[PDB]
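K.L.:
My questions will all concern the structure given below.
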Amino acid sequence: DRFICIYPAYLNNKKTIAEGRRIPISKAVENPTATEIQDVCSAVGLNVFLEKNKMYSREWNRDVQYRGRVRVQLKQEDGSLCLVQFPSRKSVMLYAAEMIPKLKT
RNA sequence: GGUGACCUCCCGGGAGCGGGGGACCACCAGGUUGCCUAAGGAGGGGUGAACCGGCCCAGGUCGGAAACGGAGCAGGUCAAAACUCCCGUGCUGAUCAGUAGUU
């Protein structure tokens with residue numbers, strides 16, 4: 001239950017910083033989905049679980065392609081980093097951003 | 001000096017979110033002014049909706065165990081998106097009396 005949250009808004013290049021986004025547009029992507037996010041995180045060997053029915057507070061678009069939240073574990077609950085490659089939320093996001101595009105395209 | 005946006009960094013957080021460094025843009029107030037006008041007030045208003053302003057936001061809604069918060073509707077509201085009318089100012093058609101002043 002002590003896992004960092006991650007909304008797809010954080011990575012969406014068609015959203016302003018005030019609309020949620022957490023990473024520079026240059027590194028961001030178009031319309032990332034919680035599904036896409038979970039898949040690229042898990043596939044690197046991260047412990048991730050997907051909450052299909054959480055919405056972003058700042059998200060306004062009531063249709064399914066923008067719903068969703070991805071929870072990720074960084075820590076084994078002895079305080080140590082599950083992985084050394086992923087110390088921070090930002091380190092997660094930037095990676096997901098880097099990996100999502102190799103899927104569909 | 002102010003407002004609103006937008007971009008890019010840190011920092012704290014399980015969320016909504018919290019702390020802080022830069023960059024840029026728009027507008028505002030009112031303090032000096034000009035290689036400035038034919039004349040250019042630092043006026044007065046109104047719209048600000050079907051989503052585009054900003055603010056306050058019932059409900060609802062998203063996040064939350066909750067506190068509370070986000071986004072924001074109906075309604076209210078504006079020194080400060082944008083739009084627009086009026087006043088002033090400048091040129092510029094025109095009207096009336098057959099009015100004069102003087103023939």
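Note on naming: chains are A, B, ... as they come in the structure tokens, residues start from 1 per chain, ligands start from 1 in the order shown.
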Residues at most 6 Å from region 76-90 of chain B, counting only C-alpha atoms (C1' of nucleotides), excluding those fewer than 3 positions away in the same chain, as a list in words?

P.N.:
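In the requested format, the answer is residues 3, 27, 28, 38, 39 and 53 of chain B.
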
K.L.:
Write out as an NGL selection string the residues lying within 12 Å of residue 23 (chain A), counting only C-alpha atoms (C1' of nucleotides) and excluding same-chain residues fewer than 6 positions away.

P.N.:
(:A and (8-17 or 29 or 89-98)) or (:B and (7-9))

K.L.:
Distance limit 6 Å, atoms considered: only C-alpha atoms (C1' of nucleotides). Which chain A residues sit that close to chain B? Return them as a PyMOL selection string.

P.N.:
chain A and resi 2+57-58

K.L.:
What's the separation between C1' of residue 58 (chain B) and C1' of residue 46 (chain B), in Å to one decimal place?

P.N.:
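We find that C1' of residue 58 (chain B) and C1' of residue 46 (chain B) lie 27.8 Å from each other.
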
K.L.:
DSSP on the backbone, strand (DSSP E or B) only: what residues of chain A does that give? Format it as a list in words.

P.N.:
residues 4, 12, 29, 48, 49, 50, 51, 69, 70, 71, 72, 75 and 81 of chain A

K.L.:
Go ahead and save the picked residues with N, CA, C and O atoms, as a tab-separated table (two decimals), in the first residue's frame.

P.N.:
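Once everything was written out, this is result-v6.tsv:
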chain	number	residue	atom	x	y	z
A	4	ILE	N	4.12	4.43	-4.98
A	4	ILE	CA	3.91	5.70	-5.66
A	4	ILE	C	2.80	5.59	-6.70
A	4	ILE	O	2.64	4.56	-7.35
A	12	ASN	N	1.44	12.74	-20.87
A	12	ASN	CA	0.74	13.15	-22.08
A	12	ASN	C	1.25	14.45	-22.68
A	12	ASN	O	1.11	15.50	-22.07
A	29	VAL	N	4.96	11.80	-24.41
A	29	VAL	CA	4.32	11.10	-25.53
A	29	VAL	C	2.87	11.49	-25.69
A	29	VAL	O	2.29	12.17	-24.83
A	48	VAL	N	4.28	-3.73	-10.82
A	48	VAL	CA	3.23	-2.74	-11.04
A	48	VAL	C	1.85	-3.36	-11.00
A	48	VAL	O	1.66	-4.51	-11.41
A	49	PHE	N	0.88	-2.62	-10.48
A	49	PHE	CA	-0.51	-3.07	-10.57
A	49	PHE	C	-1.42	-1.93	-11.03
A	49	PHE	O	-1.23	-0.77	-10.67
A	50	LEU	N	-2.40	-2.29	-11.84
A	50	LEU	CA	-3.19	-1.33	-12.58
A	50	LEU	C	-4.57	-1.10	-11.98
A	50	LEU	O	-5.34	-2.05	-11.77
A	51	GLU	N	-4.89	0.16	-11.70
A	51	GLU	CA	-6.21	0.51	-11.21
A	51	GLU	C	-7.08	1.10	-12.33
A	51	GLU	O	-7.16	2.32	-12.49
A	69	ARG	N	-5.11	4.63	-13.46
A	69	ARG	CA	-3.99	5.02	-12.64
A	69	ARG	C	-3.07	3.82	-12.53
A	69	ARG	O	-3.56	2.69	-12.38
A	70	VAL	N	-1.76	4.03	-12.60
A	70	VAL	CA	-0.82	2.93	-12.41
A	70	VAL	C	0.00	3.09	-11.13
A	70	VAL	O	0.73	4.05	-10.97
A	71	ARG	N	-0.14	2.14	-10.22
A	71	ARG	CA	0.63	2.18	-9.00
A	71	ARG	C	1.91	1.40	-9.22
A	71	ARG	O	1.89	0.34	-9.85
A	72	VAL	N	3.03	1.92	-8.73
A	72	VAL	CA	4.30	1.22	-8.88
A	72	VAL	C	5.03	1.13	-7.55
A	72	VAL	O	5.00	2.06	-6.75
A	75	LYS	N	10.02	0.15	-3.46
A	75	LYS	CA	10.66	-0.33	-2.24
A	75	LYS	C	10.10	-1.64	-1.68
A	75	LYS	O	8.89	-1.89	-1.68
A	81	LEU	N	15.73	0.18	-2.36
A	81	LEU	CA	15.13	0.33	-3.67
A	81	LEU	C	14.97	-1.04	-4.29
A	81	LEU	O	15.94	-1.80	-4.35

K.L.:
If you run DSSP on this backbone, which residues of chain A come out as alpha helix (DSSP H), and could you give them as a list in words?

P.N.:
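Written out, the alpha helix (DSSP H) residues of chain A are residues 34, 35, 36, 37, 38, 39, 40, 41, 42, 89, 90, 91, 92, 93, 94, 95, 96, 97, 98, 99, 101, 102, 103 and 104 of chain A.
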
K.L.:
One decimal, Å: what's the distance from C1' of residue 11 (chain B) over to CA of residue 41 (chain A), could you say?

P.N.:
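Separation of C1' of residue 11 (chain B) and CA of residue 41 (chain A): 24.9 Å.
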
K.L.:
Hey, can you check how far CA of residue 77 (chain A) sits from CA of residue 45 (chain A)?

P.N.:
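A separation of 17.5 Å between them.
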
K.L.:
Return the single residue from A:35, A:105, A:47, A:54 that is closest to residue 64 (chain B), with distances computed using only C-alpha atoms (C1' of nucleotides).

P.N.:
A:54
